[PDB]
Every structure is written in structure tokens, then in C-alpha cells.
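Fold and contact review
Here are the chains, one letter per residue:
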Amino acid sequence: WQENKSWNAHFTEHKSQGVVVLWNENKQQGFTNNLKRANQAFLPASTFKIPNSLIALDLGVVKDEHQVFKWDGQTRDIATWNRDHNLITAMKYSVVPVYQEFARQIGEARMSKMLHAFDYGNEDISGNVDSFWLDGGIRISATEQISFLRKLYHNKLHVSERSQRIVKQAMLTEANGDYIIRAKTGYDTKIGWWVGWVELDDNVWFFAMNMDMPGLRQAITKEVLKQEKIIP
Amino acid sequence: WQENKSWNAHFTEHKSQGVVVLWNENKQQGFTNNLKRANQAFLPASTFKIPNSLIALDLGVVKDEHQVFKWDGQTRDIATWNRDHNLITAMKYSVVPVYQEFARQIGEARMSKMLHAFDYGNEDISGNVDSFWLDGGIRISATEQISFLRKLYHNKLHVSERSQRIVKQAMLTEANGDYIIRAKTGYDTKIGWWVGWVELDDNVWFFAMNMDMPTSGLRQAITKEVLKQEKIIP
């Protein structure tokens, strides 16, 4: 990993601190504006949707991306959560309750196995089954995020290719003639993430960022990518 | 299957003739600006990339979306074709040669079986193995396109789910917070199509259009003016 202090500017211009980690799959090389922080491990928070949804799919808890999760009737503070959802929209709108119901049905036992299998962060499950990625003991870093996402990208995680395909579909956020982005913001604690990747014709660029959260995040990450000519 | 004449305007505004066919998956209902033409069957031309690539994937001719097809060295008139490609970029740039090499390796025999299995149009293969969807016998209509795409969408075709998933990935053309479109323009010698669908949060809308080609930025622009009209997209 090559350190690039230049990028701090993009955090500074909005009076914030964070780390951005890029990985050029072809050149097989990392970059980041803060090497240490890029290995500081934090609560995955909203980024946990990915492993969570892979596991759910692999254990048949979730059949497919069309299966509907009926809304329980409880009116929560975010309007979008108060309707039925499938895997796609749940991801699009970061619907926490859906992901808690997953975790419950997975159970503490199977969940622990799978995280050890993914080599996910410190693979720690302490906390409530349905909260630990927000509350509990699990931790992961931006670099550790990248290693995970690469596996996912290459179908080389220890779950079915099918499970890996469907989650990659659900991550779809933006696509136009120039690029495709698979990445989903979600509601995060003091440290907020954006992680995913950009598919180009000729290459794929993985990214994981996080910042101290005192709305930009996607915005900052994208200023760094335009700088590196990864997108216009 | 409501006919809606009002949409002809969008063709007329650019001095062209065509048909647009919509299908609302939820409401399970069609729409179109010319009912007759919506059943006029034509050469699939570029739209054949879909069944072609499904079959290739199912028969293991194509392993996956990363497999590289090396450029044969012949310099063709479209610059993008003169490089190596994978399934994704081949679709994105409508690289005819790649799809011809598929058809050859599939062979006339297996190809015929599969088209019968897809219930694809007339299921007619006459012509050259590597050209027939451009040159010869096969025909399909806009409505027949929609029935096919719906199967594909629902993994209801007679091939592996996997094959169907990968092709659906490759079709990805545009996506933002409001919608996702899976559809690919390509070069059509006589008649120009745009066929695919729009995924919304709550619903999916299938479309198949075609139009008479001017003496050569048209097909997608029209189709989208119809979709904005129906409030399917902004």
C-alpha cells in the first residue's frame, strides 16, 4: 500500500477526518490517505448487510431476491422501513429490521461459523445476536473490508456462487456508460462507512472508506475517484 | 392489451415509424401504439445476443463472464471490435464477431433444439449458422420478445438459473436511484430494436420496441419519452 496524503484535502474541505482505501485489481496495488487508520478496525455497522445477506441466502433463510419480508406493522422513524421489502430494496433503503430478523434466524451458532469462514475482521460475535454489528464486539478495518470484497467479487468466499451472485446484484447502486458501482450507504454509528467497488470495462477498483460522523461520504469518496480518473 | 395511439406522436416528432410494447408485470397488462405491428415479426438482429449468449453459457462454450475472447486479428470497420472482449463488453459494444464464434461452436443442431425450447419466435434457423439472425430465416415480434424476456426475468427458461443470471448481469445498461434498465442496443441491418425491461422498487415493466431505420441516438430516446409519459421514469 502506497500512502497518498494529497487526498486528505477532500476530507478537510468539508471539515472532516477519515480514510479512503483503493485497490486496483489489475495492478494488484493499494492506495490510501492514512495507512494507520486504513488498518484501524471499527464496527462494521451498515456494511454488515453484505455478509449478513450472504449467510442468509446460503442457509436458505432467504430463498431469493424476490422473497418478500412483510412489514411487522410497527411504525419506525424512517418512512421507507414501513412497507414490505425484498432483498433488493432492503439493501437500497438500509432496512435494519429486515437484517435483524435475518440474524435471529441464522442464530449465534451458525453466524459464528460463517464469519470465521469469511475471515471477517476479528470474527467476534459478542453482543445481542440481532445487534452485535451495531452494539457489540465485532470489528473490521478498511483493508480487511477490501480483502473480503475481493473474495466476494471473485466468488471465492465459502458459500455458493449463487449466494454471491445475488448479493452482488443487490449491491448495484449506480451504473451508466462509464462505470458500474456496487456499494450501499446505510445508517452508521460514530464511524460511518462507504464500501464496495467500481466495475470498469478493463479493470475493477475496490474501495472502502470511513469517516468520523459529527451527508457527504459518497461525495468525498467520489471526489477521490474523479481525482484518480477512475470516473469522470 | 390496450392500444394507445397517443404514443405515435413520439415517433412522429422525429419523422419515424415504429411500435413500442410495454408490459406491466404486476397489473399483468400490455400496452402499445400499434397492435398489428406489435405482432409483425422481424429479424431479431442485435436482440439475438440474448438467447445466443444464454445457450453458449449453458453448453459451457462460455465458462463465465470473465472468459476472454481473443480478437481474430481482422481489422473491422468498428474500432471497439478490434480488441479482446468478455461477455460483458461484447454486449456493451455489440461485437458481432464474438456472437458469430458462439453460433459456430454451438452448431446448427443444438441451436435449433434450444430455440424450440425457448419458444423463440418462428424458431427458424435457415441461413448461415453464424449469420441467420441477421441474414436469413428467423423471425420474432415485439410481443413474442416480451414473453421471452419475462421467462428470462423469472429464471423460467429451460437453461440453468446461472446462465440466466449471468446474461441478466450483462444486460445491465443504466441504473440510478429511481430505476434500473437491462437492455442493449446493437447494430441492426434492416430493423432496429430496443428490448429489455425497467426494474422499479415495487414492480417491473418489460418493453420491446422497433422502428424503421433512418439513413444513419434514436431508439432509446423515443422509448424513454414513452416511459416518462407513463410515469415509469422521470
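The rules behind these values
- Residues numbered from 1 in each chain as written, not as in the entry; some residues may be left out.
- Chains lettered and ligands numbered in written order.
- Heavy atoms only, no water.
- Salt bridge = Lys/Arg side-chain N within 4 Å of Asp/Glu carboxyl O.
- Helix = DSSP H or I, 4+ residues; strand = E, 2+ residues; numbered from the N terminus.
- Buried < 20%, exposed > 50% of the residue type's maximum accessible area, 1.4 Å probe, protein only.
- Contact = heavy atoms within 4.5 Å.
- Buried area = accessible area lost by both parts, 1.4 Å probe.
- Polar contact = N/O pair within 3.5 Å; in protein donor to acceptor, adjacent residues only side chain to side chain.
- Nonpolar A, V, L, I, M, F, W, Y, C, P; charged D, E, K, R; others polar.
- Pairing = 2+ DSSP bridges.
- UniProt positions renumbered as here; feature names shortened; annotations may be inferred.

For this deposition, the record names X-ray crystallography as the technique by which the model was determined and cites 2.87 Å as its resolution.

Going through the model one piece at a time under the given rule, you end up with 24 salt bridges over all chains. When the shortest N-O distance is used, the salt bridge between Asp201(A) and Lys92(B) registers 2.8 Å. Here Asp201(A) is found in the loop between β8 (191–199) and β9 (204–212), whereas its partner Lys92(B) is found in helix α3 (residues 87–92) on a different chain. On the basis of relative accessibility, which here comes to 34%, the residue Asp201(A) falls in the partly exposed class. In the salt-bridge network here, residues are joined through shared partners; they are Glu65(A), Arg162(A), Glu161(B) and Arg165(B).

It is worth spelling out the interface of chain B and chain A at this point. Tallying the contact residues gives 20 residues for chain B and 20 residues for chain A. Summed over both partners, the interface of chain B with chain A comes to about 1600 Å²; 38% of that surface belongs to carbon and sulfur atoms. Counting across the interface, chain B meets chain A through six salt bridges. On inspection of chain B and its partner chain A, the count reaches 12 residue pairs in polar contact. At the level of elements, α3, α6 (161–170), β4 (172–175) and β5 (180–183) of chain B are the ones that each hand at least two residues to the side of chain B that touches chain A. Here the element with the most residues in the side of chain B that touches chain A is α6(B); it accounts for five residues. Its residues assigned to classes, the side of chain B that touches chain A comprises six nonpolar, six polar and eight charged.

With that settled, consider the environment of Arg37(B). All names here are of chain B. Looking at the secondary structure, you find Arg-37 in the loop between β3 (29–32) and α2 (49–58). Judged by its relative accessible area of 8%, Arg-37 falls in the buried class. Discounting chain neighbours no more than four positions away, the residues touching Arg-37 are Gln-17, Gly-18, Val-19, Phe-42, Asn-210, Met-211 and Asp-212.

This part covers the pairing of β9(A). Residue and element names in this part refer to chain A. For β9, the buried fraction is high: eight of the nine residues fall into the buried class. Bridging between strand β2 (residues 18–24) and β9 involves seven bridges; their strand directions are antiparallel. Bridge assignment links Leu-22 to a residue of β9, and that residue is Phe-207. Between β8 and β9, which pair antiparallel in sequence order, lie four residues.

Attention shifts here to the UniProt feature "binding site: Zn(2+) 1" (unreviewed entry) in chain B. Residues and elements named next belong to chain B. What UniProt calls "binding site: Zn(2+) 1" (unreviewed entry) maps, in this numbering, to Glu-13, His-14 and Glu-225. Mapped onto the secondary structure, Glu-13 falls in the loop between α1 (8–12) and β2 (18–24). The class of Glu-13 is exposed, set by a relative accessible area of 52%. With respect to the helices and strands, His-14 occurs in the loop between α1 and β2. Other than its neighbours up to four places away in sequence, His-14 contacts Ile-222 and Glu-225. Reaching out from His-14, the side chain makes a polar contact with the side chain of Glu-13 at a distance of 3.1 Å.

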